[PDB]
Amino acid sequence: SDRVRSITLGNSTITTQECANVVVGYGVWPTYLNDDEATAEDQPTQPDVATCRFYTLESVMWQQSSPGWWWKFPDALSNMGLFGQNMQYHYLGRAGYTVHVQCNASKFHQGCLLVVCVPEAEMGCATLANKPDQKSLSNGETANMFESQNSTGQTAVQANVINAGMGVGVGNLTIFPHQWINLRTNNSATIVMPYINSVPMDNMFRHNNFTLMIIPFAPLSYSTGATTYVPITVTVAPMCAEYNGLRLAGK
Amino acid sequence: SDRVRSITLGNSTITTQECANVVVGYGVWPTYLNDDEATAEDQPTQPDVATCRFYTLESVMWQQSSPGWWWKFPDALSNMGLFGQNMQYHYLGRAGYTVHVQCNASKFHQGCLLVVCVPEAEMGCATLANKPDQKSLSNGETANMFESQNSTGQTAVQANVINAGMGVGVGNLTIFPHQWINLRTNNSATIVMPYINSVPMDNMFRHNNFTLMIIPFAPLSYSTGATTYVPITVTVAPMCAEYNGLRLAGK
Amino acid sequence: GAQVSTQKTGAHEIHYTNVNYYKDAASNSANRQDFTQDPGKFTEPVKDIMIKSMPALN
Amino acid sequence: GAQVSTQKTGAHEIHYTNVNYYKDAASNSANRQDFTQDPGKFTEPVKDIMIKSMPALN
Amino acid sequence: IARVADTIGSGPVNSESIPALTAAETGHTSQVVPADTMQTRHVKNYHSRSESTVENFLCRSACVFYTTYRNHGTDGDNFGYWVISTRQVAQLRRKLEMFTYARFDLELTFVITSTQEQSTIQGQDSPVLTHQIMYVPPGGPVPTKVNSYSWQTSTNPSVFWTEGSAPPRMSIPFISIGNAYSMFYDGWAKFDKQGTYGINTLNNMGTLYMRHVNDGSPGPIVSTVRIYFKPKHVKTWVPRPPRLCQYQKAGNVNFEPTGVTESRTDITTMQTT
Amino acid sequence: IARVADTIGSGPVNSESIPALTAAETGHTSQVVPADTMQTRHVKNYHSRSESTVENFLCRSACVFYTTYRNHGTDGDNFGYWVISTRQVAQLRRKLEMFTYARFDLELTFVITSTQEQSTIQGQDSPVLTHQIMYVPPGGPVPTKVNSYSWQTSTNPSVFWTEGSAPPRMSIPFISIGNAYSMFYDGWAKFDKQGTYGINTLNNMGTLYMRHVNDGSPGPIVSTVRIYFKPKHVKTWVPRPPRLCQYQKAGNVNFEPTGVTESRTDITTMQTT
Ligand SMILES: CCCCCCCCCCCCCCCC(=O)O
Ligand SMILES: CCCCCCCCCCCCCCCC(=O)O
Ligand SMILES: CCCCCCCCCCCCCC(=O)O
Ligand SMILES: CCCCCCCCCCCCCC(=O)O
């Protein structure tokens, strides 16, 4: 039916028997930069198979008091195979992403997760005068956790989930490309993100520029005697990745 | 004239004002593997710009008593940029090479170097019962030196130059694609090597399968008061490099 | 299916017959008269044409 | 009554002759090149067509 | 041509089609190719299955028995016999028993070798030996002595062979009374189910008899005849799992229970082997 | 026709064309003929290169090994084996190693000869001997005794031969898993580069096993089998310099350093030699 779906990228495949649909960005499928949009003159690199493939991040464990998590991209993929390698040797880069969040339950479990990709998600620090340090913003392959109370710390991020680290209403995050994992309905959510930026290409190490947030709006719940370990796995795949500006490796 | 020449590969260029010609393998220019010659089924990777480019190895110093040097490929390029990276993450690989050896003198200097690419250059050990260890065969980016006397060592290579490490006549090495740097005539030699092997693709870490030898047949010579530091630089570029069998990195 | 070929004879002043008996092509006899020659691979592997009467280098 | 067939040769870059001498068909040589294949008997013995891309069970 | 399938090119996919998911309960073996779960290139495959045909797999000469007979005997009683069967050797029995029914012609070959025995009968200068193999179909008169009248072979087929020459060979057609040879039989011989149970019920092929046509010389000699079977013009039906346990008897399928495979350390040890 | 070039007539010259001057640094081998540096006549050359083709140069039967096996043994342990290789003889190894890659079919021939041994077992009158050569491809069951079950040769190819007749011969196709046989290999067997280095990495051709099919007689006997290889339907790639140093091992190219040529008295001595 329309609940089944498969996605093959590179030498990787993801099957889902209980999905909702695919959310495709803003109706735009990711493509390669055209000649009339390009400004960098050297012939770009396009690995096209070794990089445009699925990578699985580190899983988290959904608990009854989990406020939520977030990843930064492509910082989360900065050490993933040849995709991270091309990022180090190149000054400029460009990709779109297929994002697949997967969480299965027992049909007696309940809870609803919001899965959203926020472009240019600039986050505030817990101390108003300071700035968040590098690790609080993006731990790479590891998720940074939202809090269900005000954060403290000179370099900490204001991770109170009610504002989503950005100073907005967390219920208003549905303006971005989003989906819901509702345990009674579906065990996965997938979003295809095109490349969004104010320039045709950017440095992949000092800019993201979208964040993945997973926020439980309905908490996890079950009766005693059921499985209590409900993990959420994240599998991202860059699409149409190209690179410009080859030189020595860094960072 | 025909003594000038330029070669542009990737973001790299080599100009020579005093060359002889280009030796192209056995008359075969390197190409990509065709569908009727291939046997591996997964779609190969072709970086095509980030890897098919020029890499400069470590220079040696031509002296009046230098027997010669040799490099193994692609072991010499196993740590060179993204070409070495794709070698680590892939089980199979395939490339051809442009080889550019460059040595300039003062027009009062004399000496003739043989520059040859030997396919499947299996080398013998100094101890007849043993086998040469891994480092004696190929130091990677560093040249292994021929000797002008019998070698000793349990794991050493028999590097007496008169047999070229292979048990043949060193003057008969002109059966392979070769060239000469004669200091009165030209300061560089270039050879385009196609992919030669008994299989369409091979593992780039446990097989070479050609060696580059630089043997002075006429020794370096000059009168006192002239420059005595005459280095030989080697610049190789893989051509039409493709890769199959992506997995975790190694070796 | 019999093949009549020309025997090896002398020049400056003569057929044999062949039948294949076995089902495999490896069971056949040797290709004693496959006269092909392409020495240019090894003697002229250079990129430019390199005419004989002309100087090799300008 | 001689049968000229194609020998077994290699692919990607060759006939033999056969005469029967005996009156019984069992005296002949083996049928080394009877290449027929019908794996569907054992791999797809089901009643319905069972298309690949479709789900096996609704 | 038994040429395998070419590999088709396939790019990225994102759709509802689920080639990798199926129901193995149906008994259907999935027809997934590598081009369904990954981006493949195009490969023109020139490999052929010409060597795994049942004719080529079975058309190999195999020794099925050997027995010995002497020249002196008592009294005698110096001749050989073999009740024909294909189940006294392990190698050919396991190949034939990968199928339940088979129809084929045979190429029968013999390899007869003679040996001098220990004695003190010097000196010995013995002329060349000549052997006679006689085949007696079921019901025919059996040889009782090495010189009995049955060796006349008026109607029984016999081959005479002198040592030093090519090993004798003859063809046998498909001779069973059924429409196919049975490798396996799951019934009895008698209607009340008493008596022989199994494949021995259908074993009525006949017997071979061997002797020296020469009169015995003073020096003792023992000859051994090796019979070789070669299936020809083969047709097989209903393949079955290969024999896992070692054979014990020729008449039945009796076995000693064997493990499924060789064991290893744990579920993740890559040292296999 | 592999006919050489005719010599063209040429008179005196005085011009700017310089056929004799060239640059040997280019790697190009000059194509000067005698008609470029002297007045030549016209010669219709009828000489042909039919004998230097790689087929004719290689299509000669060559002995590659011989081994001995006896009839008595203990216990026994009276049979022969050879792990197939082309590198245990000097003559054929140097011809095959003038190229880096070769594809060919083989003509395999055997020459089996038997010898009487010293003893006091008079008197001996032994019938003709029959030998069995069995080929076991890699992975198949190996013979452990001279009468073990593996000699049944249900699927393993074997040739039976009686002495006094023509030496046995059979054809083998090109059987490598690669696209060409390798004479030279410049890598290791393991990915970490530990273990066997060189051409021994690709040596997985199989093994030959020999025995007497006869039972052993009282008189002792030793037989020697000589294997002969003949390349057929040859294709060679990447010629390399002929081996100058004498071989030492079969698995590797290890050598003792040798002079380039035979020395002479001085740079002008015409006594060469
Ligand atoms: C002089 C030689 C004549 C010998 C003729 C022998 C004929 C005997 C029949 C051989 C076929 C037996 C095949 C049985 C197969 C089975 O039981 O599975
Ligand atoms: C009953 C006789 C059968 C014997 C069959 C022998 C087959 C063995 C393969 C021989 C070819 C080996 C050629 C290797 C060439 C090389 O390593 O350079
Ligand atoms: C080597 C010389 C072989 C001489 C011919 C003997 C073999 C039989 C030839 C039969 C010719 C008719 C077969 C055919 O139609 O090709
Ligand atoms: C196995 C190769 C056999 C070669 C041919 C030898 C046998 C005689 C052939 C006679 C051909 C004419 C008979 C006919 O009309 O079919």
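Residues numbered from 1 in each chain as written, not as in the entry; some residues may be left out. Chains lettered and ligands numbered in written order. Part of a larger assembly, values for the part shown. Heavy atoms only, no water.

Method information in the entry identifies cryo-EM as the source of the structure, with 3.5 Å recorded as the resolution.

Asker: In this structure, what is going on with the overall build of chain A? I would like to understand it.
Answerer: Helices and strands together make up the secondary structure of chain A, namely 2 helices and 13 strands. Scaling as 2.2 N^0.38, a compact globule of 251 residues should have a C-alpha radius of gyration of about 18 Å, and chain A matches this with 18 Å. Its C-alpha atoms give chain A principal-axis dimensions of roughly 60 × 55 × 30 Å. Counting all 251 residues of chain A, 52% fall into the buried class. When the accessible surface of chain A is totalled, it reaches about 11,500 Å², and 48% of it is carbon and sulfur. The positive charge centre, built from 12 side chains, and the negative charge centre, built from 17, are 8 Å apart in chain A. (Helix = DSSP H or I, 4+ residues; strand = E, 2+ residues; numbered from the N terminus. Rg over C-alpha atoms; globule rule 2.2 N^0.38 Å. Buried < 20%, exposed > 50% of the residue type's maximum accessible area, 1.4 Å probe, protein only. Areas by Shrake-Rupley, 256 points an atom, 1.4 Å probe, with all protein chains shown as cover. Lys, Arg positive; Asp, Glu negative; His and termini not counted. Charge placed at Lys NZ, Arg CZ, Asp CG, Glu CD.)

Asker: In this structure, what is going on with the sheet that holds strand 6 (residues 69-73) of chain A? I would like to understand it.
Answerer: Two strands in a sheet stick together by hydrogen bonds in their backbones, pointing the same way (parallel) or opposite ways (antiparallel). Residue and element names in this part refer to chain A. Sheet architecture is open: 5 strands sit in the order 9-6-12-8-10, paired in antiparallel fashion. Both edges of this open sheet fall to strand 9 (144-145) and strand 10 (178-182), since each of them pairs with a single strand only. For strand 6 and strand 12 (residues 210-221), the ladder comprises 5 bridges, and the chain directions are antiparallel. Paired with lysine 72 across the strands is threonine 211, a residue of strand 12. (Pairing = 2+ DSSP bridges.)

Asker: Sorry, what's going on with the site of ligand 2 here?
Answerer: Residue and element names in this part refer to chain F. Surrounding ligand 2, one finds 14 residues, the nearest of these being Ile84, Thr86, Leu106, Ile175 and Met183. Compared with its free state, where it exposes 550 Å², ligand 2 has 93% of that area covered by protein. At the level of elements, strand 3 (99-116), strand 6 (169-172) and strand 7 (181-182) are the ones that each hand at least two residues to the shell around ligand 2. Here the shell around ligand 2 is composed, by residue class, of 12 nonpolar, 2 polar and no charged. (Near = heavy atom within 4 Å. Nonpolar A, V, L, I, M, F, W, Y, C, P; charged D, E, K, R; others polar.)

Asker: Would you mind showing me how to read the arrangement of the chains here?
Answerer: There are 11 pairs of chains in contact here, and the one with the most contacts is chains B and F. Regarding chain A and chain C, which are not in contact, the minimum distance between any of their C-alpha atoms is 26 Å. You won't find any contact between chain A and chain F; their C-alpha atoms come no closer than 20 Å. (Contact = heavy atoms within 4.5 Å.)

Asker: Mind showing me how you'd approach unusual backbone geometry here?
Answerer: Among all residues except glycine, the phi angle is most often negative; among peptide bonds, the trans geometry is most common. Note the cis peptide between F:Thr74 and F:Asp75, where omega equals 0°. The residue F:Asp75 is located in the loop between strand 1 (62-70) and strand 2 (80-83) in this model. For the peptide bond that leads from F:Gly76 to F:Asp77, omega is 15°, which places it in the cis range. Assignment of secondary structure puts F:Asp77 in the loop between strand 1 and strand 2. Even without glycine at this site, B:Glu120 takes up a positive phi of about 60°. Here B:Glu120 shows up in the loop between strand 8 (110-119) and helix 2 (134-137). Among the residues examined, B:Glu120 registers a relative accessible area of 1% and is labelled buried. The phi torsion at B:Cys240 lies on the positive side, around 55°, for a residue other than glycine. By secondary structure assignment, the location of B:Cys240 is in strand 13 (residues 230-246). The exposure class assigned to B:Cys240 is partly exposed, which follows from its relative accessible area of 22%.

Asker: Explain the environment of A:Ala143 to me, please; I cannot follow it from the model alone.
Answerer: Residue and element names in this part refer to chain A. Relative to the helices and strands, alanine 143 is located in the loop between helix 2 (134-137) and strand 9. Spatially, the C-alpha atoms of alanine 143 and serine 59 are 8.4 Å apart, while their sequence positions differ by 84 residues. Once residues within four sequence positions are removed from consideration, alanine 143 is found in contact with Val60, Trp69, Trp70 and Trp71.

Asker: It is not clear to me how the site of ligand 3 should be interpreted in this structure. Could you clarify?
Answerer: By nearness alone, every residue bordering ligand 3 is listed as C:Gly1, C:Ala2, C:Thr17, C:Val19, C:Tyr21 and D:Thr17. Flanking ligand 3 are residues from chains C and D. Calculation on ligand 3 without its partners gives an accessible area of 480 Å², and the protein chains cover 45% of this total. Taken together, the residues of the shell around ligand 3 break down into 3 nonpolar, 3 polar and no charged.

Asker: Even after reading the chapter, I still don't get the pattern of salt bridges, so can you show me in this structure?
Answerer: Opposite charge on two side chains lets them pair, provided their charged atoms get close. A complete count under the given rule lists 22 salt bridges over all chains for this structure. Close ionic contact of E:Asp6 with E:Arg3 constitutes a salt bridge, the shortest N to O distance being 3.8 Å. The exposure class assigned to E:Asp6 is partly exposed, which follows from its relative accessible area of 28%. F:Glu107 serves as the salt-bridge partner of F:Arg169, at 3.4 Å between the closest nitrogen and oxygen. You can see F:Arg169 sitting in strand 6 and its partner F:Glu107 sitting in strand 3, a full 62 residues away along the chain. Judged by its relative accessible area of 13%, F:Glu107 is buried. Here the salt bridges do not stand alone but share partners, grouping E:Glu107, E:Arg169 and E:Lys230 into one network. (Salt bridge = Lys/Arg side-chain N within 4 Å of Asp/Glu carboxyl O.)

Asker: How should I be thinking about the packing of aromatic side chains in this particular structure?
Answerer: Think of a pair of aromatic rings as described by two things: how far the centres are apart, and how the planes are tilted against each other in angle. Enumeration according to the criterion identifies 37 aromatic pairs over all chains in this entry. Between the aromatic rings of B:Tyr97 and B:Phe210, the centroid separation amounts to 5.3 Å while the plane-to-plane angle is 50°, which identifies the pairing as tilted. Of the two residues, B:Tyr97 is situated in strand 7 (residues 90-102) and B:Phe210 in strand 12 (residues 210-221); the sequence distance between them amounts to 113 residues. Judged by its relative accessible area of 4%, B:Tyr97 is buried. Pairwise contacts between aromatic rings join A:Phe73, A:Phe83, A:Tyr97, A:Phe210 and A:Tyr243 into one cluster. A cation over an aromatic ring shows up here: E:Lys95 above the ring of E:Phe57, its NZ or CZ 5.0 Å from the ring centre. (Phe/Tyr/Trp six-rings, centres within 6.5 Å; stacked < 30°, edge-to-face > 60°. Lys NZ or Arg CZ within 6 Å of the ring centre and 35° of its normal.)

Asker: What is the right way to look at the sheet that holds strand 8 of chain B in this model?
Answerer: Read across the open sheet, the 5 strands follow the order 9-6-12-8-10 (chain B); overall the sheet is antiparallel. Each having just a single partner strand, strand 9 (144-145) and strand 10 (178-182) of chain B make up the two edges of the open sheet.

Asker: Got a minute to help me understand the packing of helix 1 (residues 81-89) of chain A against helix 1 (residues 81-89) of chain B in this structure?
Answerer: A packed helix pair is summarised by two numbers, namely the angle formed by the two axes and the spacing between the axes. Two elements in contact, helix 1 of chain A and helix 1 of chain B, have axes separated by 11 Å at closest approach and are oriented at 170°. In this view, helix 1 of chain A runs roughly antiparallel relative to helix 1 of chain B, as classed from their interaxial angle. Contacts between helix 1 of chain A and helix 1 of chain B involve A:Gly81, A:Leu82, A:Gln85, A:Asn86 and A:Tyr89 on the former and, on the latter, B:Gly81, B:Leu82, B:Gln85, B:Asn86 and B:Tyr89. The residue inventory of the contact of helix 1 of chain A with helix 1 of chain B, partitioned by class, reads 4 nonpolar, 6 polar and no charged. (Axes fitted to C-alpha atoms, helices over the stretch in contact; angles between N-to-C directions. Parallel < 35°, antiparallel > 145°, perpendicular 65-115°, else oblique.)

Asker: Where do I start with the interface of chain B and chain F in this structure?
Answerer: Think of interface size as the accessible area that goes away when the parts come together; that is how it is often given. Each side of the interface is counted separately: chain B has 55 residues, and chain F has 43 residues. When chain B packs against chain F, close to 4,100 Å² is buried across both sides, 57% of that on carbon and sulfur atoms. When residues of chain B are sorted by the area they lose upon contact with chain F, B:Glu122, B:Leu128 and B:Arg206 head the list and together hold 20% of the total. Summed over the shared surface of chain B and chain F, the number is 2 salt bridges. Elements with a contribution of two residues or more to the side of chain B that touches chain F: helix 2 and strand 10 of chain B. With 4 residues, the top contributor of residues to the side of chain B that touches chain F is strand 10 of chain B. Of the residues in the side of chain B that touches chain F, the class split is 23 nonpolar, 25 polar and 7 charged. (Buried area = accessible area lost by both parts, 1.4 Å probe.)

Asker: Can you help me understand the pairing of strand 9 (residues 221-229) of chain F in this one?
Answerer: Look at any regular strand and the pattern is simple: side chains alternate between the two faces of the sheet. Residue and element names in this part refer to chain F. Counting buried positions along strand 9 yields 7 of 9 residues, so the element is predominantly enclosed. Examined bridge by bridge, strand 1 and strand 9 share 8 bridges and lie antiparallel to one another. Opposite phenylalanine 65, over in strand 9, you have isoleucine 227 as the bridge partner.

Asker: I'm lost on helix 1 of chain A in this one. Help?
Answerer: Turn by turn, an α-helix covers 3.6 residues, leaving residues three or four places apart pointing in a common direction. With respect to burial, helix 1 of chain A is a largely interior element, 8 of its 9 residues being buried. The set of residues buried in helix 1 of chain A consists of A:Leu82, A:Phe83, A:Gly84, A:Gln85, A:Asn86, A:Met87, A:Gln88 and A:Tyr89.

Asker: Can you help me understand the environment of A:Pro119 in this one?
Answerer: All names here are of chain A. Within the fold, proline 119 resides in strand 8 (residues 110-119). Here the alpha-carbon distance between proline 119 and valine 23, two residues 96 residues apart in the chain, equals 15 Å. Contacts of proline 119, omitting those with residues within four sequence positions, involve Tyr26, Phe176, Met193, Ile196, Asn209 and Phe210.

Asker: Would you mind going over the environment of E:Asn78 with me for this structure?
Answerer: All names here are of chain E. One can find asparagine 78 in the loop between strand 2 (62-70) and strand 3 (80-83). Separated by 10 residues in sequence, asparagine 78 and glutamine 88 place their C-alpha atoms 23 Å apart. The residues touching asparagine 78, leaving out its near neighbours within four places in the chain, are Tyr69, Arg70, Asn71, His72, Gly73 and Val146. In terms of polar contacts, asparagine 78 uses its side chain to reach the backbone carbonyl oxygen of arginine 70, at 3.3 Å. A polar atom in the side chain of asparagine 78 sits 3.3 Å from the backbone oxygen of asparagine 71. (Polar contact = N/O pair within 3.5 Å; in protein donor to acceptor, adjacent residues only side chain to side chain.)

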